[PDB]
Amino acid sequence: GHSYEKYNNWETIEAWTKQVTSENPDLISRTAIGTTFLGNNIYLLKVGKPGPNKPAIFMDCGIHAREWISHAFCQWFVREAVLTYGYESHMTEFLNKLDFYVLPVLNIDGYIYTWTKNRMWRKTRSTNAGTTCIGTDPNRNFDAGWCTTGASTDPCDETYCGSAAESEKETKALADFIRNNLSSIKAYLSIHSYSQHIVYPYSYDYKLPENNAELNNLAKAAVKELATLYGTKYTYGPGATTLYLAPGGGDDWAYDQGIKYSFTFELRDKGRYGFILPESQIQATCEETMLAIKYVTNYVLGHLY
Ligand SMILES: CC1(C)[C@@H]2CC[C@@]1(C)[C@@H](NC(=O)[C@H](CC1CCCCC1)NS(=O)(=O)N[C@@H](CCCCN)C(=O)O)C2
Ligand SMILES: [Zn+2]
Ligand SMILES: [Zn+2]
Ligand SMILES: [Zn+2]
């Protein structure tokens with residue numbers, strides 16, 4: 001039994017990707033873009049009214065296993081697309097003009113593990129040579145300042161960069177998909193938790209992006225929009241300046257592919273519950289996050305390139 005207001009296990013999310021697609025065939029198609037270490041299909045939903053030569057926004061959730069609110073958000077986004085297409089001006093315009101590639105759970109093996117064995121697991125579930133320590137941080141596994149300071153070379157560490165860039169099947173599947181569709185993809189959005197931040201490049205080094213002023217202004221406006229609903233306070237800025245060095249991230253990698261609107265969202269809360277955000281907060285968190293995501297989407301539509 002799936003519910004948008006509860007955390008759903010992988011079997012339930014997987015069944016949902018199939019069912020939401022079949023229920024909405026003129027708005028959603030589903031593909032598998034690869035398989036995980038343990039052989040699970042990595043599903044991707046293409047959300048939008050089909051048309052020729054459409055630009056796209058790519059959004060992933062569940063790079064990190066324990067960040068359950070992220071997984072919940074990708075589901076919420078699809079919920080909103082199907083519920084409000086035809087009923088609300090902006091969502092209607094968005095789905096007509098753009099496609100959204102929504103990857104609801106990247107790190108499926110890790111997600112399963114948080115349901116079965118260890119709620120606080122972060123990494124993938126792949127094995128490592130010379131140790132019994134398991135897993136790689138997919139968000140240190142992309143080929144962008146790969147495995148520099150802010151990632152660990154120790155396979156037993158939570159920020160382990162992996163044996164090589166894109167060593168993880170999951171990372172490679174995502175990067176291959178974006179490389180294959182690069183000319184259409186205009187924005188990259190990665191959903192995480194917690195701490196209430198909107199981050200943009202760079203995180204792999206202390207440097208500001210070419211369009212820093214534009215991204216600063218856009219993040220500032222998105223944070224402002226988010227706050228309108230419940231007064232939730234987000235901070236924002238370049239990743240290395242606002243958060244910490246975190247090389248090998250999907251956002252920096254996408255940016256250096258030429259996707260100039262690239263953001264990481266770290267959702268609620270600020271540490272009271274942390275990763276173990278109560279189900280009672282799913283609705284409010286997803287609804288306010290929708291406002292930021294739609295603001296960014298509208299901006300991208302107005303500044304195509
Ligand atoms: C294992 C750690 C000790 C190491 C530093 C703190 C950790 C707990 C962990 N960070 C997290 O879990 C954060 C949430 C914590 C942030 C600090 C305050 C407490 C919460 N979530 S995250 O992994 O999704 N952050 C993304 C940002 C990357 C943006 C550019 N790509 C990422 O790092 O990939 C990394
Ligand atoms: Zn994360
Ligand atoms: Zn809503
Ligand atoms: Zn402008």
# chains A, B, ... in the order shown; residues from 1 in each chain; ligands from 1
>>> residues_around(residues="residue 28 of chain A", least_positions_apart="3", cutoff="9 Å", atoms="only C-alpha atoms", output="ChimeraX atom specification")
/A:20-25,45-50,78,82
>>> write_last_selection(atoms="N, CA, C and O atoms", output="mmCIF file, in the first residue's frame")
data_model
loop_
_atom_site.group_PDB
_atom_site.id
_atom_site.type_symbol
_atom_site.label_atom_id
_atom_site.label_comp_id
_atom_site.auth_asym_id
_atom_site.auth_seq_id
_atom_site.Cartn_x
_atom_site.Cartn_y
_atom_site.Cartn_z
ATOM 1 N N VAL A 20 1.868 4.448 -11.355
ATOM 2 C CA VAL A 20 1.672 5.866 -11.693
ATOM 3 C C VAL A 20 1.874 6.112 -13.204
ATOM 4 O O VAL A 20 1.222 6.975 -13.798
ATOM 5 N N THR A 21 2.759 5.335 -13.825
ATOM 6 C CA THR A 21 2.974 5.443 -15.260
ATOM 7 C C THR A 21 1.740 4.943 -16.026
ATOM 8 O O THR A 21 1.217 5.644 -16.894
ATOM 9 N N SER A 22 1.271 3.744 -15.680
ATOM 10 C CA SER A 22 0.115 3.157 -16.366
ATOM 11 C C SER A 22 -1.147 4.014 -16.198
ATOM 12 O O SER A 22 -1.965 4.103 -17.122
ATOM 13 N N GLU A 23 -1.290 4.650 -15.031
ATOM 14 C CA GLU A 23 -2.440 5.509 -14.731
ATOM 15 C C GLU A 23 -2.384 6.847 -15.468
ATOM 16 O O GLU A 23 -3.411 7.501 -15.655
ATOM 17 N N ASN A 24 -1.184 7.249 -15.885
ATOM 18 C CA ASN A 24 -0.978 8.548 -16.519
ATOM 19 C C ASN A 24 -0.148 8.438 -17.811
ATOM 20 O O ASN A 24 0.866 9.119 -17.958
ATOM 21 N N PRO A 25 -0.598 7.609 -18.779
ATOM 22 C CA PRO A 25 0.263 7.269 -19.917
ATOM 23 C C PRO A 25 0.584 8.420 -20.864
ATOM 24 O O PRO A 25 1.541 8.326 -21.631
ATOM 25 N N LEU A 45 11.535 8.183 -14.396
ATOM 26 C CA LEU A 45 10.246 8.630 -14.925
ATOM 27 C C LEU A 45 10.446 9.887 -15.760
ATOM 28 O O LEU A 45 11.129 10.824 -15.325
ATOM 29 N N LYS A 46 9.895 9.884 -16.979
ATOM 30 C CA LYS A 46 9.937 11.057 -17.845
ATOM 31 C C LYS A 46 8.549 11.673 -17.751
ATOM 32 O O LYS A 46 7.561 11.068 -18.195
ATOM 33 N N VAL A 47 8.470 12.847 -17.126
ATOM 34 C CA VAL A 47 7.186 13.472 -16.801
ATOM 35 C C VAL A 47 7.003 14.726 -17.660
ATOM 36 O O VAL A 47 7.836 15.620 -17.646
ATOM 37 N N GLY A 48 5.898 14.791 -18.396
ATOM 38 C CA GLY A 48 5.685 15.885 -19.330
ATOM 39 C C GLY A 48 4.772 15.444 -20.453
ATOM 40 O O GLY A 48 4.589 14.248 -20.686
ATOM 41 N N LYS A 49 4.186 16.421 -21.133
ATOM 42 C CA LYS A 49 3.399 16.141 -22.330
ATOM 43 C C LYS A 49 4.355 15.957 -23.507
ATOM 44 O O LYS A 49 5.073 16.883 -23.860
ATOM 45 N N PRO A 50 4.392 14.749 -24.100
ATOM 46 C CA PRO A 50 5.323 14.500 -25.203
ATOM 47 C C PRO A 50 5.197 15.522 -26.326
ATOM 48 O O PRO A 50 4.091 15.981 -26.647
ATOM 49 N N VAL A 78 6.006 13.976 -8.524
ATOM 50 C CA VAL A 78 5.206 13.277 -9.528
ATOM 51 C C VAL A 78 3.713 13.356 -9.182
ATOM 52 O O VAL A 78 2.883 13.614 -10.062
ATOM 53 N N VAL A 82 0.842 15.050 -11.798
ATOM 54 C CA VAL A 82 -0.372 14.360 -12.268
ATOM 55 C C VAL A 82 -1.658 14.997 -11.714
ATOM 56 O O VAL A 82 -2.681 15.058 -12.413
#
>>> residues_near_ligand(ligand="ligand 1", cutoff="7 Å", atoms="only C-alpha atoms and all ligand atoms", output="PyMOL selection string")
chain A and resi 64+139-140+158-159+192-195+199+203+239+246+249-252+264+266+271+274
>>> residues_around(residues="residue 147 of chain A", least_positions_apart="6", cutoff="9 Å", atoms="only C-alpha atoms", output="PyMOL selection string")
chain A and resi 140-141+153+160-162+164-165+204+246-248
>>> atom_distance(atom1="atom CA of residue 275 of chain A", atom2="atom CA of residue 115 of chain A")
13.3 Å
>>> residues_around(residues="residue 300 of chain A", least_positions_apart="2", cutoff="9 Å", atoms="only C-alpha atoms", output="CSV table (one decimal) with N, CA and C atoms, in the first residue's frame")
chain,number,residue,atom,x,y,z
A,57,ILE,N,14.6,19.0,-17.5
A,57,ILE,CA,15.2,19.2,-16.2
A,57,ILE,C,15.4,17.8,-15.7
A,186,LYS,N,18.7,21.1,-19.3
A,186,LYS,CA,19.0,22.5,-19.1
A,186,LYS,C,19.2,22.8,-17.6
A,187,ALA,N,18.7,21.9,-16.7
A,187,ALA,CA,19.0,22.0,-15.3
A,187,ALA,C,19.1,20.6,-14.6
A,261,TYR,N,22.5,25.4,-14.7
A,261,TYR,CA,21.6,25.6,-13.6
A,261,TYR,C,21.6,24.2,-12.8
A,295,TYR,N,9.8,27.5,-8.7
A,295,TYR,CA,10.5,28.7,-9.0
A,295,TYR,C,11.7,28.6,-9.9
A,296,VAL,N,12.5,27.6,-9.6
A,296,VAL,CA,13.7,27.3,-10.4
A,296,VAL,C,13.3,26.9,-11.8
A,297,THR,N,12.3,26.0,-11.9
A,297,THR,CA,11.8,25.5,-13.2
A,297,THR,C,11.3,26.7,-14.1
A,298,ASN,N,10.5,27.6,-13.5
A,298,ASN,CA,10.0,28.7,-14.2
A,298,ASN,C,11.1,29.6,-14.7
A,302,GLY,N,12.3,30.6,-18.7
A,302,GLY,CA,12.5,31.9,-19.1
A,302,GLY,C,13.9,32.3,-19.6
A,303,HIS,N,14.9,31.3,-19.4
A,303,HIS,CA,16.3,31.5,-19.7
A,303,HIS,C,16.9,30.3,-20.4
A,304,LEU,N,16.2,29.8,-21.4
A,304,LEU,CA,16.6,28.7,-22.1
A,304,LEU,C,17.9,29.0,-23.0
A,305,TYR,N,18.7,28.0,-23.2
A,305,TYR,CA,20.0,28.1,-23.8
A,305,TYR,C,20.4,26.7,-24.4
>>> residues_near_ligand(ligand="ligand 3", cutoff="10 Å", atoms="only C-alpha atoms and all ligand atoms", output="list in words")
residues 76, 77, 79, 80, 81, 83, 84, 283, 284, 286, 287, 288, 290 and 291 of chain A
>>> write_last_selection(atoms="N, CA and C atoms", output="JSON list (two decimals), in the first residue's frame")
[["chain", "number", "residue", "atom", "x", "y", "z"],
["A", 76, "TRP", "N", 6.44, 12.92, -4.30],
["A", 76, "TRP", "CA", 5.55, 14.08, -4.18],
["A", 76, "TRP", "C", 5.53, 14.93, -5.45],
["A", 77, "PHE", "N", 6.70, 15.14, -6.05],
["A", 77, "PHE", "CA", 6.79, 15.91, -7.27],
["A", 77, "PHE", "C", 5.90, 15.29, -8.36],
["A", 79, "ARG", "N", 3.39, 13.19, -7.90],
["A", 79, "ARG", "CA", 2.04, 13.40, -7.39],
["A", 79, "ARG", "C", 1.48, 14.74, -7.87],
["A", 80, "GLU", "N", 2.27, 15.79, -7.68],
["A", 80, "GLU", "CA", 1.83, 17.15, -8.00],
["A", 80, "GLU", "C", 1.66, 17.33, -9.51],
["A", 81, "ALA", "N", 2.56, 16.73, -10.28],
["A", 81, "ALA", "CA", 2.49, 16.83, -11.75],
["A", 81, "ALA", "C", 1.17, 16.25, -12.26],
["A", 83, "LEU", "N", -1.60, 15.48, -10.47],
["A", 83, "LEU", "CA", -2.78, 16.06, -9.83],
["A", 83, "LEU", "C", -3.15, 17.43, -10.39],
["A", 84, "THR", "N", -2.14, 18.24, -10.71],
["A", 84, "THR", "CA", -2.38, 19.64, -11.04],
["A", 84, "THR", "C", -2.18, 20.01, -12.52],
["A", 283, "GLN", "N", 4.26, 15.99, 4.31],
["A", 283, "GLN", "CA", 3.38, 16.90, 3.55],
["A", 283, "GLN", "C", 3.93, 18.33, 3.50],
["A", 284, "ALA", "N", 4.14, 18.93, 4.67],
["A", 284, "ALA", "CA", 4.61, 20.31, 4.76],
["A", 284, "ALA", "C", 5.97, 20.47, 4.07],
["A", 286, "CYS", "N", 7.34, 18.60, 1.67],
["A", 286, "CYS", "CA", 7.25, 18.47, 0.22],
["A", 286, "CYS", "C", 6.53, 19.68, -0.40],
["A", 287, "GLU", "N", 5.49, 20.17, 0.26],
["A", 287, "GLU", "CA", 4.74, 21.30, -0.29],
["A", 287, "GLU", "C", 5.59, 22.57, -0.39],
["A", 288, "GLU", "N", 6.36, 22.87, 0.65],
["A", 288, "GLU", "CA", 7.20, 24.06, 0.58],
["A", 288, "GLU", "C", 8.35, 23.87, -0.43],
["A", 290, "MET", "N", 8.22, 22.08, -3.16],
["A", 290, "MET", "CA", 7.58, 22.31, -4.46],
["A", 290, "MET", "C", 7.67, 23.76, -4.91],
["A", 291, "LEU", "N", 7.50, 24.70, -3.98],
["A", 291, "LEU", "CA", 7.54, 26.12, -4.34],
["A", 291, "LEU", "C", 8.92, 26.52, -4.87]]
>>> residues_around(residues="residue 138 of chain A", least_positions_apart="6", cutoff="7 Å", atoms="only C-alpha atoms", output="list in words")
residues 63, 123 and 171 of chain A
>>> closest_residue(among="A:26, A:213, A:69, A:89", to="residue 281 of chain A", atoms="only C-alpha atoms")
A:69
>>> select_by_dssp(residues="segment 120-268 of chain A", states="strand (DSSP E or B)", output="JSON, numbers by chain")
{"A": [152, 160, 185, 186, 187, 188, 189, 190, 191, 192, 193, 197, 198, 199, 200, 235, 236, 237, 238, 261, 262, 263, 264, 265, 266, 267]}
>>> closest_residue(among="A:196, A:293, A:27, A:235", to="residue 92 of chain A", atoms="only C-alpha atoms")
A:27
>>> closest_residue(among="A:36, A:183, A:114, A:70", to="ligand 2", atoms="only C-alpha atoms and all ligand atoms")
A:70
>>> closest_residue(among="A:238, A:215, A:268, A:210", to="ligand 4", atoms="only C-alpha atoms and all ligand atoms")
A:215
>>> closest_residue(among="A:267, A:108, A:174, A:240", to="ligand 2", atoms="only C-alpha atoms and all ligand atoms")
A:267
